[PDB]
Amino acid sequence: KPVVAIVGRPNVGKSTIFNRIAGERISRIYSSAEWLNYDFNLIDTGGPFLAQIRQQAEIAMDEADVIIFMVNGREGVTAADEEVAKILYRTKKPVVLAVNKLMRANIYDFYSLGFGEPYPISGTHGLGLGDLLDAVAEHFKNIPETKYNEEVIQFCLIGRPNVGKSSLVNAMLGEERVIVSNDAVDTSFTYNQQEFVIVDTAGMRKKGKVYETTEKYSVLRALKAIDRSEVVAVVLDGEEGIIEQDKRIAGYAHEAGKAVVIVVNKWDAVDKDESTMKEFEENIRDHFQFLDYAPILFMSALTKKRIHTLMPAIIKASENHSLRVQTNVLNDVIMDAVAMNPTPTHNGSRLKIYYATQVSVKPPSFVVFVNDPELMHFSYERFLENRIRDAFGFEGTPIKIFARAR
Ligand SMILES: Nc1nc2c(ncn2[C@@H]2O[C@H](COP(=O)(O)OP(=O)(O)O)[C@@H](O)[C@H]2O)c(=O)[nH]1
């Protein structure tokens with residue numbers, strides 16, 4: 001069922017590798033070879049230079065689930081490889097980098113491509129092939145049950161029963177900027193002509209057909225919706241304030257690496273004066289300390305006050321979630337941070353940072369090449385995170401930093 005494609009500039013050894021791992025043609029599409037301990041299919045993208053590679057990568061982006069991006073290790077990273085990489089930045093689908101005909105000499109060069117760990121291989125006696133296919137197969141679990149066009153922004157609303165999820169959805173769908181369409185679990189619509197899907201609206205409308213006997217199935221259903229979304233809107237009740245179950249689902253969103261917006265509904269019904277909002281914010285920050293990146297919005301599904309602010313926040317959070325940073329700027333940001341604040345020491349050793357690069361999006365993840373990963377303490381990691389945020393934004397999304405040795 002999962003589909004794999006191999007992509008890269010001509011003459012890097014793609015055909016050799018393809019022929020090795022492919023079995024019989026499903027009659028285009030080939031089944032994986034009998035000896036493999038993985039079950040998947042391959043797609044051929046064969047069939048004028050920059051446009052030729054472009055079309056191959058576009059077939060791959062549209063029809064495959066996981067992409068292998070191949071380069072030639074003996075040539076190193078060429079302008080044409082960098083060109084292919086730039087085309088590939090346009091998908092959210094997983095891309096695994098394979099380095100053919102090889103290793104440690106140019107580690108940064110291959111990491112420069114921005115797809116993370118390079119898997120060395122040889123089409124002769126298949127050395128490295130086990131590690132490469134392992135890396136590819138591990139994405140197989142994250143393949144969507146329900147597939148939408150890449151353009152569509154997928155989000156969900158979560159929160160305890162009666163916080164106003166249904167009311168907010170109905171209020172947001174009634175604005176002049178929205179066009180509702182026309183799976184019966186999701187709701188499709190456009191906002192300023194951009195396509196969006198609200199994940200699992202059926203589960204939000206479950207009541208009205210069914211009595212609530214327990215929350216336990218509703219919560220489990222919410223976690224599935226989170227899994228399918230890029231942006232999660234955590235909705236809190238302004239009247240009754242924060243409660244312990246609010247933490248459970250929001251913590252899950254954070255650990256799942258999702259973009260997050262915090263929404264306070266029923267703001268109309270709150271006993272308010274000049275400082276009630278600011279104190280509510282601080283209370284959210286104190287209860288949800290792992291969500292410092294998430295913006296907080298105050299609105300009323302009832303009076304429609306500030307409803308106009310939700311979609312723009314979902315948009316911004318989604319954008320930041322998907323953002324890919326330029327490497328030279330990234331490195332200047334980190335060198336500037338290290339200048340501001342010297343690195344942690346341990347006996348006589350000092351952390352040294354050689355190079356940093358982004359490795360993935362949704363959420364943005366970075367590797368920093370160091371001295372010794374053990375000298376990179378959690379507090380210093382957070383310091384680096386905040387310097388990256390100051391320079392690039394990243395509001396609405398978590399980010400990941402990993403120290404690695406040469
Ligand atoms: N005062 C006030 N009440 C609201 C607001 N939004 C929803 N409610 C009420 O809260 C109750 C639960 O709303 P509902 O949308 O069914 O919550 P859900 O279970 O999260 O879908 C309903 O009686 C709504 O009228 C609001 O902004 N202000």
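Along the sequence shown, the residues carry numbers beginning at 1. Excluded from the calculations below are hydrogen atoms, water molecules and symmetry mates; all remaining heavy atoms, backbone and side chain alike, are included.
Heavy atoms of other residues, nucleotides or ligands lying less than 6.0 angstrom from CD1 of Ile179 number 12 at most. Residue-environment remark: CD (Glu82) exceeds the threshold of 12 foreign heavy atoms within 6.0 Å. Counting heavy-atom neighbours within 6.0 Å of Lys247 NZ, excluding the residue itself, gives a total above 12. Heavy-atom contacts from other residues, nucleotides or ligands closer than 6.0 Å to CD of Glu195 number 12 or fewer. No more than 12 heavy-atom neighbours from other residues, nucleotides or ligands sit within 6.0 angstrom of NZ on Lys352. Enclosure of atom NZ in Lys316 is not indicated, since only 12 or fewer non-hydrogen atoms of other residues, nucleotides or ligands lie within 6.0 angstrom. Open room surrounds NE2 on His346; 12 or fewer heavy atoms of other groups in view lie less than 6.0 Å from it. Atom CD of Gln245 sits in a crowded spot, with more than 12 heavy atoms from other residues, nucleotides or ligands closer than 6.0 Å.
Scanning both residues, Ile262 and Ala294, for their nearest heavy atoms gives CD1-CB, 3.8 Å. Here the closest non-hydrogen pair linking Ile334 and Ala356 is CD1-CB, 3.3 Å. Here the closest non-hydrogen pair linking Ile87 and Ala57 is CG2-CB, 3.7 Å. Considering all non-hydrogen atoms of both residues, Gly238 and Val270 come closest at O-CG2, 3.3 Å. The two residues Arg160 and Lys165 make their nearest non-hydrogen contact at O-NZ, 3.3 Å. Minimum interatomic distance between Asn100 and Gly13 (heavy atoms only, all atoms of both residues): ND2-CA, 3.6 Å.
Listed for the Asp336 side chain is no donor-acceptor partner under 3.5 Å among the backbone atoms of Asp332. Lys266 places no side-chain N or O within 3.5 Å of a backbone atom of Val264 that could act as its donor or acceptor partner. When atom types are taken as modelled, the side chain of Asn170 and the backbone of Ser166 share a donor-acceptor pair closer than 3.5 angstrom. The main-chain N or O of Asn283 is found under 3.5 Å from a side-chain atom of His287 such that the two form a donor-acceptor pair. Under a 3.5 Å cut-off, the side chain of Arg20 and the backbone N or O of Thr124 do form a donor-acceptor pair. A donor-acceptor pair is defined here as one N or O able to donate and one able to accept, closer than 3.5 Å; no such pair exists between the side chain of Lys304 and the backbone of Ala171. The closest donor-acceptor contact from the side chain of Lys362 to the backbone of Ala259 lies at 3.5 Å or more, if one exists at all. Judged by distance alone, with hydrogens and angles left aside, the side-chain atoms of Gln55 form no donor-acceptor pair with the main-chain N or O of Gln52 at under 3.5 Å. Side-chain atoms of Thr201 come within 3.5 Å of backbone N or O of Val185 as a donor-acceptor pair. Proximity of a side-chain donor or acceptor of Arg382 to a complementary backbone N or O of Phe378 within less than 3.5 Å is not detected.
Side-chain polar atoms of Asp227 and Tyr252 form a donor-acceptor pair below 3.5 angstrom. Remark: the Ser188 side chain and the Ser181 side chain contain no N/O donor-acceptor pair separated by less than 3.5 Å.
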*Can you list the steps and then say if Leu375 with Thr343 is a side chain to side chain contact (heavy atoms under 4.5 Å, CB included)?*
CA-CA 9 Å; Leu375 311 182; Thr343 57; over 6 Å; no

*Which is it for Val84 and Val7 under the side chain to side chain contact (heavy atoms under 4.5 Å, CB included) test, yes or no, and what are the steps along the way?*
CA-CA 8 Å; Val84 179; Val7 163; 4.0 Å; yes

_Before you tell me yes or no, could you show the steps for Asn162 and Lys207 under side chain to side chain contact (heavy atoms under 4.5 Å, CB included), namely the whole-Å CA-CA distance, both residues' side-chain angles and the distance that decides it to 0.1 Å?_
CA-CA 11 Å; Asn162 308 313; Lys207 55 169 177 169; 3.2 Å; yes

*Check the pair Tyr217 / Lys206 against side chain to side chain contact (heavy atoms under 4.5 Å, CB included), numbers first and verdict last.*
CA-CA 11 Å; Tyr217 303 116; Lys206 253 281 192 296; over 6 Å; no

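Contact of the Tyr191 side chain with the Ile315 side chain is registered, since non-hydrogen atoms from C-beta on lie closer than 4.5 Å. Considering only heavy atoms from C-beta on, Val261 comes within 4.5 Å of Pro295 through its side chain. At a threshold of 4.5 Å between non-hydrogen side-chain atoms, the residues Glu281 and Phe298 count as touching. For the pair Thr78 and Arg9, the minimum side-chain heavy-atom distance is below 4.5 Å. Looking at heavy atoms from C-beta onward, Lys305 lies out of side-chain contact with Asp268 at the 4.5 angstrom threshold. Contact annotation: the side chain of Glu117 approaches that of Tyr111 to within less than 4.5 Å [non-hydrogen atoms, C-beta and beyond]. Between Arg306 and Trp267 the shortest side-chain heavy-atom distance falls below 4.5 Å. A heavy-atom distance below 4.5 Å is not found between the side chains of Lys400 and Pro364.
Using a 4.0 Å cut-off between charged side-chain N and carboxylate O, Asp200 and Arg221 make a salt bridge. A salt bridge does not link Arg285 to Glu282: none of the charged side-chain nitrogens sits closer than 4.0 Å to a carboxylate oxygen. Salt-bridge formation is detected for the pair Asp390/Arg387: a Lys NZ or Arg NE/NH1/NH2 atom is positioned less than 4.0 Å from an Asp or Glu carboxylate oxygen.
The distance from atom CZ of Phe155 to atom CG of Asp186, rounded to the nearest 0.5 Å, is 11.0 Å. Here the CG-CG distance, from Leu302 to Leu168, works out to 10.5 Å after rounding to the nearest 0.5 Å. The CD1 atom of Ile21 lies 4.5 Å from the CG atom of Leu42; values are rounded to the nearest 0.5 Å. Separating the CD1 atom in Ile107 from the CZ atom in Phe369 is a distance of 5.0 Å, to the nearest 0.5 Å. Note that the CD1 atom of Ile143 and the NZ atom of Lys1 stand 9.5 Å from one another [nearest 0.5 Å]. For the atom pair CG (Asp237) and CG (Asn265), the distance works out to 7.0 Å, reported to the nearest 0.5 Å.
Across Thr16, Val12, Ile17, a single residue satisfies side-chain contact (heavy atoms from CB on, under 4.5 Å) together with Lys14, and that is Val12. Partner of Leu133 under the side-chain contact (heavy atoms from CB on, under 4.5 Å) criterion, out of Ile121, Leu36, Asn37, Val4: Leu36 alone.
For the pair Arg324 and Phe115, the distance from NZ or CZ to the six-membered ring centre is under 6.0 Å and the angle to the ring normal is within 45 degrees. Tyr108 carries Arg406 over the face of its six-membered ring, with the cationic atom under 6.0 Å from the centre and within 45° of the normal.
Checked against the 6.0 Å centroid criterion, the rings of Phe18 and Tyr30 qualify as a close aromatic pair. For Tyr293 and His254, the ring centers are positioned less than 6.0 Å apart.
The aromatic rings of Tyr380 and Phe383 sit tilted, their planes meeting at an angle between 30° and 60°.
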